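Student: Below you will find the structure I want to go over with you.
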Amino acid sequence: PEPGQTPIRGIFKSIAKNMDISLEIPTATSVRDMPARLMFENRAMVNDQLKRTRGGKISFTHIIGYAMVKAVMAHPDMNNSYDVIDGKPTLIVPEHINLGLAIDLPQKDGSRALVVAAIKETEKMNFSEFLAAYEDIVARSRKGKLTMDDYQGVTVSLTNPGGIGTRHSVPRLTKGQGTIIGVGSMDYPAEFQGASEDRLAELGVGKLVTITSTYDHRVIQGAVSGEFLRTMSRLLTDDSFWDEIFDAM
Amino acid sequence: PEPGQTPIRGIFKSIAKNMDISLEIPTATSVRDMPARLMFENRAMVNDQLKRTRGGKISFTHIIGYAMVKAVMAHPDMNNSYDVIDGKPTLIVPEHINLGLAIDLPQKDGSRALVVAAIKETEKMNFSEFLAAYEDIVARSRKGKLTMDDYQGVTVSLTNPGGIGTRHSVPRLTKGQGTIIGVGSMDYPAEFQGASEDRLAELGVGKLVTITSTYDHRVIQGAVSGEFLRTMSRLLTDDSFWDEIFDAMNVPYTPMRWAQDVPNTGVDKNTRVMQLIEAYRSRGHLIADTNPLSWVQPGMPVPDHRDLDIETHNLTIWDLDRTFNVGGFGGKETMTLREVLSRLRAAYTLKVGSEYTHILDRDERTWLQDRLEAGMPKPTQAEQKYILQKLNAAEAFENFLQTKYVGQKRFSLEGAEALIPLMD
Ligand SMILES: CC(C)(COP(=O)(O)OP(=O)(O)OC[C@H]1O[C@@H](n2cnc3c(N)ncnc32)[C@H](O)[C@@H]1OP(=O)(O)O)[C@@H](O)C(=O)NCCC(=O)NCCSC(=O)CCC(=O)O
Ligand SMILES: CC(C)(COP(=O)(O)OP(=O)(O)OC[C@H]1O[C@@H](n2cnc3c(N)ncnc32)[C@H](O)[C@@H]1OP(=O)(O)O)[C@@H](O)C(=O)NCCC(=O)NCCSC(=O)CCC(=O)O
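Given below as structure tokens:
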């Protein structure tokens, strides 16, 4: 690359500014690893049904995203944020659960940028509605028909560095939000990446997913964040949770 | 310890100040666990070559350090830093990749301090150059002859808390840098630390290393950091990466190849092992270190010697520690594949290459086989000195004629002086 000093401008300047503002948020992180076997099996069944129907195709982020929404409803404290109004610390309780998706956008110029588009009012959706709303945001982001309203009102964020193969991450929390959830790689642990399928199948080793919760510690306690991740882990292996998805699809 | 309040001064004061400055950097961390089996195997081979050469000894930090440099070249964004020039946010793109090593220095006073010494211009080095530059910095740091220039110009840092046994860490990023890479413990997971080697070998559990990337989020995106770690993971198990290192360190054997364990189905592995033994006894000479020159004649057809690779016999690295019946090979009924390979290589691929399996008489073949596999007996010092005298006489005679009769044909033996001790 060509050395030298180039001023930061455009979307990148706004990103840099927001990261500087985020320094004023005291954050803590909870990390939990969850079995992913049942997620692999049941997603395959759903995709098989969609194939015969000639519909679409769900991803792991759809399932985890929906499970996350359910877990926030079970633990509403995770949706709260902090602010200083009139010079007093205030606990903001949002009216809806607006799920922010971290969407990586490799631009045609060459550089890549990350944006957080909101899926609004997720607390009043089923899986079918959630999937439609999810795909709408993603579809528009690629073609680049996102309005300013799409970027506003985010109450909780979801990021998926696990696609690249990152085991887990400790992301930054943006101002005006309570927590951000990171989804790690859904793969065998590194110590099993050389083992044969026969030996793994014999022993009964399953794939895992690591989920992180980075939250504002001024308004969210560590126990609440822990219980939130526990709920998510339970949902992903719950009969009722998967029955709901199967009925919807 | 003695209670009280003591002002911080010296190097410790500068460290404390720098850590306070680092609070203004919004950092995020990516964590990735990588298989370390191939790193253990191939490092052993390199160190074995250095032992015979009587050279040095490479470490895991050398390999990971070099792989990290390669990964930064593949992802240059990781080398960029942030600064405010004239009151405007600026993206600084450095001209070189200066790798900072976190060196722990237990001082003679009693206290220990950490310093970050720079290896400069790593983007224009091979492994040999990198290793030399690495060792130079480390050597000088211990004796304490580091100049001020060594501490300046760091663009990216590498820290290794894994030596102590820390699984992974979330370190702090210093101002003027884009990212810092942390290397965790290269060991079995805690859940396997009580398991027997037999059960681990049977299942095919490998050691892992956890690498972290802590980066300035203002200039480096999470996707870039993720892809950086992915590249590092690929390099550490890449054939090309290890071929480059082997060539630099002059290792004659083919590196062990990353491959999945194979089931003991069809042809038994005991069969395969004894086929490997016959392969080496028959064709081991094809890869023997018999040529004094590193020379291959262009236009001479290179024979195929795939029969000497364990892959050809449907064996893998995961079979190395498994025991097989070798039917009296090496005067033992049972042996590990590792030991079988060691004995075969020692007998057939070192300085003596033998062709005897073509001999039809079994007593002849056995006589030769027993002596070749027993190996050369260690000569006495008197015998060694006698060999030197003969070598000296051979060379000195040739050199004397060259001096006294420069323009006279003699057909010198120079380059083949070992003929004289051979005939003797
Ligand atoms: C909009 C989304 C979220 C949509 O993604 P989706 O998962 O729905 O689809 P996709 O990525 O196209 O999926 C492609 C394939 O990857 C698989 N896949 C997806 N997530 C996975 C995971 N965690 N583990 C394993 N496999 C995964 C899918 O099943 C699919 O497999 P099949 O082909 O079999 O279907 C996309 O843009 C995305 O993935 N963005 C990544 C977010 C990102 O870049 N974040 C920056 C990190 S910022 C951060 O965390 C800071 C800290 C740090 O990490 O450093
Ligand atoms: C200059 C270096 C880096 C050179 O180290 P090298 O690895 O080249 O050699 P060495 O340490 O002498 O190696 C001794 C033995 O340990 C092994 N070894 C080295 N690193 C290893 C690892 N990650 N896992 C397992 N084994 C390891 C070597 O193979 C070798 O085994 P053999 O004998 O079989 O060859 C040295 O000073 C060092 O190791 N420093 C430690 C770095 C440090 O203190 N960082 C501060 C953490 S600050 C930080 O991270 C903040 C966050 C936090 O951790 O809390």
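Chains A and B, in that order, give the protein sequences.
The first sequence runs contiguously to residue 348 in full-length UniProt numbering.
The second sequence runs contiguously to residue 523 in full-length UniProt numbering.
Ideal Cβ placement from N, Cα and C applies to all residues, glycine included.
1. I want to know whether the region 290–304 of chain A touches the region 296–314 of chain B - three or more CB-CB distances under 8 Å.
2. So, using beta-carbon positions, are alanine 216 of chain B and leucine 257 of chain B closer together than 8 Å?
3. In the DSSP assignment, find the unbroken alpha helix (DSSP H) run with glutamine 148 of chain A in it and report its ends.
4. Using a Cβ cut-off of 8 Å (strictly closer), state whether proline 134 of chain A contacts chain B.
5. Jot down the residue ranges of each uninterrupted beta strand (DSSP E) in the region 253–325 of chain A, minimum 3 residues, whole runs only, in chain order.
6. Using 10 angstroms around the beta-carbon of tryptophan 466 of chain B, count the other beta-carbons present and answer buried if the total reaches 16, otherwise exposed.
7. What three-state label does DSSP hand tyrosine 485 of chain B in the structure shown?
8. For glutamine 148 of chain A, which residues from the same chain have a beta carbon less than 7 Å from its beta carbon, with the 5 sequence-adjacent residues on both sides left out?
9. Please confirm if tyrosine 314 of chain B has its CB atom under 8 Å from at least one CB of chain A.
10. Give the DSSP-derived three-state secondary structure of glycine 164 of chain A in the structure shown.
11. Straight-line CA distance for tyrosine 504 of chain B to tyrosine 233 of chain B?
12. Consult DSSP for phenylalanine 423 of chain B and reduce its assignment to one of helix, strand or coil.
13. Is there at least one non-hydrogen atom of ligand 4 closer than 7 Å to the beta-carbon of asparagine 259 of chain A?
14. Under 7 Å Cβ to Cβ from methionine 224 of chain B, same chain only, skipping five residues before and after it: list those, please.
15. For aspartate 403 of chain B, which residues of its own chain have a beta-carbon under 8 Å away from its beta-carbon, when the five flanking residues on both sides are left out?
16. Is the CB-CB distance between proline 391 of chain B and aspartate 297 of chain A below 8 Å?
17. Does the distance from the C-beta atom of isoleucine 124 of chain B to that of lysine 274 of chain B stay below 8 Å?
18. Using a Cβ cut-off of 8 Å (strictly closer), state whether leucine 419 of chain B contacts chain A.
19. Using only the heavy atoms of ligand 1, determine whether one of them is closer than 7 Å to the beta carbon of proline 270 of chain A.
20. Check the C-beta distance from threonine 265 of chain A over to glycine 325 of chain B and give it rounded, since I have them as a contact under 8 Å.
21. Is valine 145 of chain B close to ligand 2? I mean its beta-carbon at under 7 Å from any heavy atom of the ligand.
22. Would you say the beta carbon of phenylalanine 345 of chain A comes nearer than 7 Å to a heavy atom of ligand 2?
23. Take the Cβ of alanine 495 of chain B as the centre, count every other Cβ of all protein chains shown within 10 Å, and call the residue buried at 16 or more, exposed below.
24. At a Cβ threshold of 8 Å, is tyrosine 250 of chain B touching chain A?
25. Going along the chain, which residues of its own chain have a beta-carbon closer than 6 Å to the beta-carbon of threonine 389 of chain B, five neighbours each way excluded?
26. What I want to know is whether the C-beta of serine 312 of chain A ends up closer than 7 Å to one or more non-hydrogen atoms of ligand 2.
27. I want to verify the contact list: residues of chain B whose CB lies under 9 Å from the CB of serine 121 of chain A, in sequence order.
28. To the nearest angstrom, how far is it from the Cα of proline 193 of chain B to the Cα of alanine 115 of chain B?
29. Which residues does DSSP pair with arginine 131 of chain A in a beta bridge?
30. Assess, as a yes-or-no matter, whether the region 440–460 of chain B is touched by the region 471–479 of chain B under the definition of 3 or more beta carbon pairs within less than 8 Å.
31. How about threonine 311 of chain B and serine 268 of chain B: do their beta carbons lie closer than 8 Å?
32. Can you tell me whether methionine 285 of chain B sits near ligand 2, meaning its C-beta is under 7 Å from at least one heavy atom of the ligand?
33. Would you mind sorting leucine 122 of chain B into buried or exposed? The rule is 16 or more other CB atoms within 10 Å of its CB.
34. Could you say if the region 138–146 of chain B and the region 422–429 of chain B meet the contact criterion of at least three C-beta pairs nearer than 8 Å?
35. Ligand 1 and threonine 160 of chain A: does the residue's C-beta get closer than 7 Å to at least one heavy atom of that ligand?
36. Tell me the rounded alpha-carbon separation between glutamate 410 of chain B and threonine 502 of chain B.
Tutor: Looking at the coordinates:
1. yes
2. no
3. 136–152
4. no
5. 255–258, 267–269, 278–282, 307–315
6. exposed
7. helix
8. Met348
9. no
10. helix
11. 50 Å
12. strand
13. Within the structure as shown, ligand 4 is missing, the only ligands being ligand 1 and ligand 2.
14. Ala232
15. none
16. no
17. yes
18. no
19. yes
20. 5 Å
21. no
22. no
23. exposed
24. no
25. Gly452
26. no
27. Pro125, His316
28. 26 Å
29. A/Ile310
30. yes
31. yes
32. yes
33. exposed
34. no
35. yes
36. 55 Å
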